[PDB]
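Numbering (the deposited numbering), first residue to last: 2 to 270.
Think of the CB as a built atom: it goes at the ideal place given N, C-alpha and C, for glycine as much as any other residue.
First up is the structure itself, then whatever we jot down about it.
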Ligand SMILES: C[C@H]1CC[C@@H](NCc2ccc3c(c2)Cc2c(-c4ccc(C(=O)O)cc4)n[nH]c2-3)CC1
C-alpha cells in the first residue's frame, strides 16, 4: 500500500456550468492527470436523480473514442466523477471561425466520431447533445465523446424505446425533435454529427435551428448550396452532408452507409 496515492490535487478549472465545474486533478504520488467533475446534488429531481443516471451510463462506457470513466466519489451533497483528462481540449477550439480546418483533419476527426457513436449506439446508448464543445482531444489528437449528462438508453433487451424528450443544443438538433412528439434516437445523433462535420469544414453553423421559419434551413432544403455556407465545402464531403442533413429521419443515411460514402473512404482528401 503506497501512502498518498489516493490524494489528487485540483490544479486547474477545465470547465464550469449548470452541473458545476470540472477540475484537472493530478495524483500526489504518480502525477497522473484526470478530469474530476464536481456536481452538487442540489434541488431534488435535479442532480440527485440526473447525476445518478449519468453515473450508471458512464459505468457502461469502454471505447477509445469515448471519455474514460475511472469512478465516482460521493461526499454528502457533493458528487465527484473521475473522468479522462484530454490535454488536447475541445474540438471546438480546433475550428477556425468562418474557416473550419484542413479537410483531412476533419475527415480524421469524423472517422473517430463515427467510431464512438457506433459504439454507443451498439450498446443502446444515445448521447443526445453532440457538438464541438463536447468532443475532446487527447495528447495525440484522438477524438473522445464526452459529457453524458443528457445521454439515455434507447435500446434494452433488444427492444428500442422511441424518445420524446426535447434535449440537446438547437443548432445541432434534428428537425424531427421540433416537429414530432416521438422519434428514433439514432438518426438524431447522426444529424448532430453532420452539423459537427459542417462546422469543421466551414467554421460556422448552418442555422439557429432546423425549421421552416429559419431562412438558411429552408435554403438548404431548396439545395441553394451556391455561395451560401455550403460554398466553402468541397463537393465530396458536401455529397455526404446532403445525405446526413435529410429532413425525414427515416430517409436519413445510417452510419453503416456513411461508412460506405465516397468522401468518408477518400484517402487523405
Ligand atoms: C482555463 C483555461 C485553460 C484550459 C481551457 N480548457 C481546455 C481543456 C483541456 C482539457 C480538458 C477540458 C478542457 C475538458 C475536459 C475533460 C472532461 C471530461 C468529462 C466531462 C463530462 O463527463 O462532462 C467534462 C469534461 N477532460 N479533459 C478535459 C479553458 C481556459
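- Query: Can you name, in chain order, every residue of its own chain whose Cβ lies under 8 Å from the Cβ of residue 33, other than the five neighbours on each side?
  - Reply: 27
- Query: For residue 13, does the count of other Cβ atoms within 10 angstroms reach 16, so buried, or fall short, so exposed?
  - Reply: exposed
- Message: Between residue 178 and ligand 1, is there a pair consisting of the residue's CB and a ligand heavy atom that are separated by less than 6 Å?
- Response: no
- Message: Taking 7 Å as the threshold (C-beta atoms), are residue 127 and residue 155 in contact?
- Response: The answer is yes: Cβ separation under 7 Å.
- Buried or exposed by the 16-neighbour rule on C-beta atoms within 10 Å, applied to residue 173: buried
- Message: residue 202 and residue 101 - do their beta-carbons sit closer together than 7 Å?
- Response: yes
- Are at least three pairs of beta-carbons, each pair with one atom in the region 154 to 168 and one in the region 132 to 140, less than 8 Å apart? Taking 8 Å as the limit for Cβ pairs, the verdict is that the region 132 to 140 does not touch the region 154 to 168.
- Query: So what does residue 173 bridge to, in DSSP terms?
  - Reply: Answer by DSSP bridge pairing: none, since residue 173 is not bridged.
- Item | C-alpha gap between residue 74 and residue 96, whole angstroms | Across the structure, residue 74 and residue 96 are spaced so that their CA atoms are roughly 34 Å apart.
- Task: May I ask you to report which of helix, strand or coil DSSP gives residue 91?
- Result: strand
- Item | Extent of the continuous alpha helix (DSSP H) to which residue 216 belongs | It spans 216 to 222 - the alpha helix (DSSP H) in which residue 216 sits, taken as one unbroken run.
- Message: Can you tell me whether residue 120 is helix, strand or coil according to DSSP?
- Response: helix
- Message: Closest to residue 251 by C-alpha separation, out of 176, 210, 220 and 235, would be which residue?
- Response: If we check each option's Cα against that of residue 251, 176 comes out closest.
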